[PDB]
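Undergrad: Take a look and give me a structure for this.
(one chain, ligands or ions: 1)
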Amino acid sequence: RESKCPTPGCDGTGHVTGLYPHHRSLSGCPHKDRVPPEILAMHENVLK
Ligand SMILES: [Zn+2]
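TA: Numbers count the residues shown, from 1 in each chain. Shown next is the structure:
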């Protein structure tokens, strides 16, 4: 549910290892960079 990860920066494609049909909500997210196009967001954490 919910939300996802798609933040203003993140794209939501390429899960944590790009081995998934995207992530749409953090569970994956292969970026991890805090800011931009990554996972910024997630919630809590950013960046990580
Ligand atoms: Zn993401």
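Undergrad: Isn't residue 22 up against residue 16?
TA: No - when contacts are counted by Cβ atoms under 8 Å, residue 22 is not listed as touching residue 16 (10.5 Å). Every C-beta, even on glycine, is put in place using the N, C-alpha and C of the backbone.
Undergrad: got any residues that touch both of the two?
TA: Taking Cβ atoms under 8 Å, 6 or more residues apart in numbering as the contact rule, residue 22 and residue 16 both touch residue 28.
Undergrad: how long is stretch 3-17 end to end?
TA: Stretch 3-17 has an end-to-end distance of 20 Å (Cα to Cα, to the nearest Å).
Undergrad: Could I get the buried residue list for that stretch?
TA: Going by neighbour count (16 or more other Cβ atoms under 10 Å), the buried part of stretch 3-17 is 4-7, 9-10, 12, 14-15.
Undergrad: outside of that stretch, which residues touch it?
TA: 20-31, 35-42.
Undergrad: and residue 29, how many neighbours?
TA: 29 (other Cβ atoms under 10 Å).
Undergrad: right, and it touches residue 18 too?
TA: No - using Cβ under 8 Å as the test, residue 29 is too far from residue 18 to be in contact (10.2 Å).
Undergrad: show me the contacts for residue 23.
TA: 5, 12-16, 29-30.
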